[PDB]
Amino acid sequence: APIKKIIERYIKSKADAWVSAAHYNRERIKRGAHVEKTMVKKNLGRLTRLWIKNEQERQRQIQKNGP
RNA sequence: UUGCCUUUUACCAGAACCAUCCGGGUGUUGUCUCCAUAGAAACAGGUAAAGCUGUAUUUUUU
Ligand SMILES: [Mg+2]
């Protein structure tokens, strides 16, 4: 259990870093700043995965406490 | 922080910080150079030349 805890923590940290980075990027993209074509694709990918995660979490929520 | 862009150098041109560099000033020492190269002149005056002053009838002195 302790290991599972620790890893859960560290991925939450990493996850936090990721999500915030993504958010920063998307504002940056909106602004129309210098940004790497590759970087923009990366951000698109991240934000998609993020969106899917959000979405299916909402599905879970819907299930877990009725319509 | 913007721009070109989009990958970095290289860059756009603004900011704030800072540094580098091309030079500069004096002052003092010292050297290098070109010229030099005297160990004593005044006083008494005269000569000539330079620095100031001078050319009584009510308050300065007639
Ligand atoms: Mg590469």
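Nothing in this text is a laboratory measurement; each read-out follows from the coordinates by a stated rule. As a convention, Cβ positions derive from the backbone with ideal geometry for all residues, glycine included, and neighbour counts pool all protein chains shown.
Entry remark, region A:22-39: residues being part of a helix (DSSP H, G or I) and without any contact (Cβ under 8 Å) to a residue 12 or more places away in the chain number 8 in total. Can residue A:53 be described as surrounded by 10 or more Cβ atoms within 10 Å (Cβ to Cβ), away from RNA strand B (no atom under 16 Å from the Cβ) and not small (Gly, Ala, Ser)? Spelling it out, residue A:53 is indeed surrounded by 10 or more Cβ atoms within 10 Å (Cβ to Cβ), away from RNA strand B (no atom under 16 Å from the Cβ) and not small (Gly, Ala, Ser).
Looking only at region A:1-35, how many residues end up being of a type in the set (D, E, K, R) and under 19 Å from residue A:49 (Cβ atoms)?
We begin by selecting, within region A:1-35, every residue of a type in the set (D, E, K, R); these are A:4-5, A:8-9, A:12, A:14, A:16, A:26-28, A:30-31.
This time we only want the ones that are under 19 Å from residue A:49 (Cβ atoms), so: A:8, A:12, A:14, A:16, A:26-28.
Number satisfying all stated conditions: 7.
Return yes when residue A:17 is under 15 Å from the mean Cα position of the chain (by Cα), surrounded by 10 or more Cβ atoms within 10 Å (Cβ to Cβ) and either outside any helix (DSSP H, G or I) or more than 16 Å from RNA strand B (Cβ to nearest atom) (or both) and no when it is not. Yes: the conditions hold for residue A:17.
For region A:35-50, a residue qualifies if it is within 12 Å of RNA strand B (Cβ to nearest atom) and either small (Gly, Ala, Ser) or surrounded by fewer than 11 Cβ atoms within 10 Å (Cβ to Cβ) (or both), and the qualifying residues are A:36, A:37, A:38, A:41.
Quick check, is residue A:32 at positive phi and away from RNA strand B (no atom under 16 Å from the Cβ)? Step through it out loud before you land on a result.
Working: at positive phi: yes; away from RNA strand B (no atom under 16 Å from the Cβ): no.
No.
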